[PDB]
Every structure is written in C-alpha cells, then in structure tokens.
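To begin, one chain is listed below as structure tokens, in the form deposited in one PDB entry.
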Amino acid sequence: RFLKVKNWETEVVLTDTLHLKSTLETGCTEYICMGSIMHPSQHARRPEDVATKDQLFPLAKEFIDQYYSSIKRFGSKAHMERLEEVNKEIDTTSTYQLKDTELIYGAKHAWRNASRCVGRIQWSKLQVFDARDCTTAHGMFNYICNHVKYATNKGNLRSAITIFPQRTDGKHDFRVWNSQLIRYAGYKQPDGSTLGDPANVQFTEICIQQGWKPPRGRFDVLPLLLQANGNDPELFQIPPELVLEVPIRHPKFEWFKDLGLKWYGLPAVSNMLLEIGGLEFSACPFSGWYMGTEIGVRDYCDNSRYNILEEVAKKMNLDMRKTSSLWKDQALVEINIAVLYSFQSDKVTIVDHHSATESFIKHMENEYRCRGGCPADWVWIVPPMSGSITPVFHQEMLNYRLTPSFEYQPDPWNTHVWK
C-alpha cells in the first residue's frame, strides 16, 4: 500500500510510494527476511544468454519510457521514434545502442538506486566517460588511465564512471579483472602467513601466473588485468604518477608513522555490472572518494585483511589480556583518527562517518520529498564503528530494487576459457 519510515531520534516520519515501482525480488518473503544476506536474490531481468525479442524489448521499452518521462515528454515524437528505433535495432541485431543522453541518465540513476551507498547525495554530479568505441585491452588501459587522472584531480577527487561496450553474446565480454582499479597485492608466505592484502591473494597469483614480476611488498599496487571482446586478459602497469597515495600518520602519536602504513586515495570499483534497459555493461569502473572507516576500520582492522590492531594497540601500551579492556576499540579509534588526519593533511578528499551519515539523512529527506522514496540498506549504510552515535543507526529504511542498477557479477576467471 503506502509504507512509512520513522527516525527514532528526531521522530521524523517519511512516507514511501516509490517502492511501488520496484521490479526484482529482494530475497525476502512474508515469512523470512534476508536483509543480512550478501547476495539474497538471483532474480534477473533477462535470461541466461542473448535474449529473444519478447525478452529484451519490454525491458527496453520500460527504460525508454522512464527516461522520456524524466524529461517531461512521453508520447512525444522523439519518444515514439525512439521506440521504433529500438524495435528495428533488436529485430536486426538482437540488441540496441543507448543514445549518449540515455547512457548518462542510466548511469546516474544506477548510482541513485544503489541501496547500499551512503554517498548518493552526489548522485547527479557524475562525470560519464563513454568508452563504447573501445576494442582492445590497450584501449581499455588508455581509457582507464584518463579516468584515474580526471577522477584524482591532484587530490580534489571527482566522481566518474567509464562505460565500455555492453555484453553482446556473453562470449565477447569486456571485463576489468581487478576488483578495484587500484589495490595492493597479497602474497601467500611459506611460513603460512600472508604479506600485503590477504583479500587479493588469488588475484595476485593470477597476475604472477600471467607474467607479473611481484616486488613482494606490503603495498604493491597491482597491475591492471584487462579483457576486451572476450579475448584473453592483458597486464598493464598504471603509471605510478597517476596513483595518488597517502602515508598514514597520527596527529599526536609520533610513532604512528613508523608503522609504515599508506593507502591510495582513489577508490574505483571495477568488478560490477551496470544494467540499463536490459543492456549489460560488464566493464564500468566507477570511482568517487573514501569514507574513512572503509580504510581505517575494514581495510586495516578486519581479521582477514591487514589486521593491524595488535600492533597499534601494543605501541599504545594497552591491556591486551582480556577483551573487557576494549583495547581493540581504543586502537580502532586511533587508527581512524590517523587515516582522516592524513588525507586532510595532504588535501585528498575524504569524508568521515559522522559527516557522511548526516549527509545521507539529508539525501533521504530530499528523495522522499521529490521522488516519494529512497531505497536504503541499513546493514550497509550504518558505519562499521560507533554505529549508534551516527544518525542513520536511528533511521528506519525501506530496501527495494529499482532499475537502472549496479549488480554483482561472477569473477571472470571462474568463467573464462583461455586461448
């Protein structure tokens, strides 16, 4: 019918009708809630492979209808011609091509619909690099390098997405094999331990197994592994002058810099699929800027990531014999102060979790006021530290799936057949 959400700190009640437009299953039912499952649903808008006409065209008509509605047409000459044009195109190529305006609209709205993103107040401010003319891995690398340079902007980070050719028959996919454009290698040591980033151990072995010479350090920027038109992937080294990095120091603990920690400034997600009117863009690296907790809480303090809590706590002279001393919690705060202080000192864009969550509450108010709603995944929006002293903790949220969207996709090495 028409669902309300309340913020238990301010008592603001919001009334959602936008959820009436959602198409895909969430995974939940009236009897089971899947709100904490990472991939709860496999409901897709299109079938396994190259769809027939009655499969692709309805999705296309829906997107075109929606875009022309967005600009106060619908039924206009251009809209009706566009339907004819997409119709003939599917008839003659089993697919269709988005106009440049449609492509920008869909990317921005995929971000606007990303239930899990705390950063969406910026959604309409997004630079879109059309890369659909690309044909080879070298061209992909040229496009990605230009993306990184524009997005980094000497530290004043700018949001951007680069969109490579859409999927055609499933055998000609463009893929960035890296999960992010810039990540650190991880190495499996002989004494069982792990050097660098443990999350990236498998991808690092693929790179080494592809001819990459590992420097074998704690912060080795990985090479790019780029696949164009279903061909075997190719390795490229991002020119280091394009990889902005921030050494981590602490504003009171002088010894903190001696931990030898750094991180990169540009988070650039390169393994997701962008879905627009039944078209699948399997390579659409997008970047924005970090929330400090991403680095200082998850990257640094997860147990299967860098796991630096004991080292920081030891240097802090903390009681580490029992959990009740909250030594982990004390170190966790100091690490996150350091990450923030370091980025702001080098004038690299970063947002703390207090300001970011406040902005999202304000984004929520705007979206209900003009759009009748805002899909939001509480499990992902609430920051991984100090949850209840941020406003989103006390905010009820409705989660639902709107298109266009960003979707997960399989890692290509589970699917690729080499040649």
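When you see a residue number, it is the position in the sequence shown, counting from 1. What we label the rigid core is the largest C-alpha set whose atoms superpose within 1.5 Å from one form to the other. Residues that one form lacks are left out of the comparison.
Just so you know, the form deposited in another entry exists too; it's not on screen, but the next bit is about it.
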| property | result |
| --- | --- |
| Out of 209, 304, 237, 324, the residue that alone shifts its CA by 2 Å or more between this form and the one not shown when the rigid core is the reference | 304 |
| Sense of CA distance change between residue 296 and residue 184 in that other deposited form, threshold 3 Å | closer |
| Comparison of CA distance in that other deposited form with shown form for residue 118, residue 306, at least 3 Å | farther |
| Large-shift segments between this form and the one not shown, meaning 3+ residue runs whose Cα move 2 Å or more when the rigid core is superposed | 50 to 52, 296 to 307 |
